[PDB]
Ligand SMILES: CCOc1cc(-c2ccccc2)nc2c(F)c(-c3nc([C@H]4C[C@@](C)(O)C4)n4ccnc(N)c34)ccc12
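Take a look at this single chain, the form solved without the named molecule, given in structure tokens.
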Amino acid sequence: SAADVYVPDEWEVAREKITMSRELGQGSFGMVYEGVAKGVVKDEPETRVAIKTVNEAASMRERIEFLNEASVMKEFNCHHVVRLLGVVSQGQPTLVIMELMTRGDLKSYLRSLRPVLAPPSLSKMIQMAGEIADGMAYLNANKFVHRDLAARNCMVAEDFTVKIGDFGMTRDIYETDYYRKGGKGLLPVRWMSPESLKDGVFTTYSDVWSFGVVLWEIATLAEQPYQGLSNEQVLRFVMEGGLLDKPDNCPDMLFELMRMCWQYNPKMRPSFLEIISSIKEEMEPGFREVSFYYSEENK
């Protein structure tokens, strides 16, 4: 296996080029912040950024697995995936400078719409659907599965664009979205595919499955899936072929999309590129300019 060390490369940023403006809420490894960082964007003066830290009471090991996780993202460069701008390995605390997403996670954003004004339009939904499908399609292309795709792990950018959220950001308040299946590890059973539940495997296919539960979230303004059913009852229901009900006033198209995402046989569900294909005529023109879908890279 790989060692528990971190070799500083060209992502290393001089701490003196950073400033903390305020807290945003504790995260997996510690307090996350909002601030500014010089020399992070090319030809750009300053940049508003998110700064993830690691508690002082953390093991060098946890601290090492923090930079390792952030490094996986050193490879990504997709408009619909919250980007890593830099790293600060030298000193204390250990930082990770990310792209700032002023509007937070999609689940919070969505539920905040519950409380003249009308709910999200199909056009706006297709937008989020396509934008999310784009990030996942990009990641899967790079041979990467999410294992935890959900509204809570999607970010809403300043201009409302949705991107695949980076690691260690899930809000502590959604703790309920997890369950210790078989008294073992914490799993997001309400977003998991029938096969992942039964065989413990996660593939590109189980991501499309989750994608579908997310399309559901977007439409039900983020209702807990299988609300009536308890965690243990969900495992039976889903594994036996039970689906989620078409939410009220849910456009035919979206539930139609959902239905396909939930084909019991994983190979029968569409891949992320196909999902985009069936909804590309609904996507805004800019998507043509920033998406991985129309990008060179798609081969």
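Heads up, when I say rigid core I mean the largest set of C-alphas that superpose within 1.5 Å between the two forms. Heads up: residue numbers just count along the shown sequence, starting at 1.
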For this session: Please report whether at least a third of the other compared entries leave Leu113 without coordinates.
Result: no
Exercise. Do a third or more of the other compared entries leave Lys181 out of the model?
Worked result: yes
Exercise. Unmodelled deposited residues between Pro115 and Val116: none, 1 to 3, 4 to 9, or 10 or more?
Worked result: 4 to 9
Problem set entry | Which of 58 to 66 and 230 to 238 has higher mean CA B factor, as the PDB entry lists it | 58 to 66
Problem set entry | Mean temperature factor over C-alpha atoms, higher-scoring stretch between 163 to 171 and 176 to 184 | 176 to 184
For this session: Choose from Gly130, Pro225, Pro119, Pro194 the residue with the greatest Cα B-factor as stated in the PDB record.
Result: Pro119
For this session: Compare the CA B factors listed in the entry for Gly39, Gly30, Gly35, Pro251 and report the winner.
Result: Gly39
For this session: Give the position of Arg152 by CA B-factor within its chain, expressed as the lowest, middle or highest third.
Result: lowest
For this session: State the tercile, meaning the lowest, middle or highest third, of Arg288 with respect to the CA B-factors recorded for its chain.
Result: middle
Seminar exercise, completed: Chain-relative C-alpha B factor for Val214 (record values, thirds): the lowest
Exercise. C-alpha B factor of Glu75, ranked within the chain: lowest, middle or highest third?
Worked result: highest
Exercise. What third of its chain's C-alpha B-factors does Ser271 belong to: lowest, middle or highest?
Worked result: lowest
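Although not depicted, the form deposited with the named molecule bound is the subject of the following passage.
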Problem set entry | Result of superposing the named molecule in the bound PDB entry onto shown chain, 2.4 Å backbone or C-beta criterion | blocked
Problem set entry | Location of the named molecule contact in the bound PDB entry, chosen stretch of 48 to 56, 263 to 271, 227 to 235, 241 to 249 [non-hydrogen atom, 4.5 Å] | 48 to 56
For this session: Go through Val88, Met98, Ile132, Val213 and name the one with a heavy atom inside 4.5 Å of the named molecule in the bound PDB entry.
Result: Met98
Exercise. Quick one: of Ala137, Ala222, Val208, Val81, which gets a non-hydrogen atom within 4.5 angstroms of the named molecule in the bound PDB entry?
Worked result: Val81
Problem set entry | Any non-hydrogen atom of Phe29 within 4.5 angstroms of the named molecule in the bound PDB entry | yes
Exercise. Is there a heavy atom of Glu69 lying 4.5 Å or less from a heavy atom of the named molecule in the bound PDB entry?
Worked result: yes
Problem set entry | Distance check, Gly168 to the named molecule in the bound PDB entry, heavy atom within 4.5 Å | yes
Problem set entry | Partner contact for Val189 in the bound PDB entry: the named molecule, 4.5 angstroms, heavy atom | no
For this session: Report the residue, chosen from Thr170, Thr161, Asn140, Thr220, for which the CA moves 2 Å or more between this form and the one not shown after the rigid core is overlaid.
Result: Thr170
Problem set entry | CA of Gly27, rigid core aligned, shift of 2 Å or more between this form and the one not shown | yes
For this session: Tell me whether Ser271 and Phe167 end up closer or farther apart in the bound PDB entry, going by their C-alpha atoms; the shift is 3 Å or more.
Result: closer
Problem set entry | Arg171 and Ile218, C-alpha gap in the bound PDB entry relative to this structure (3 Å or more) | farther
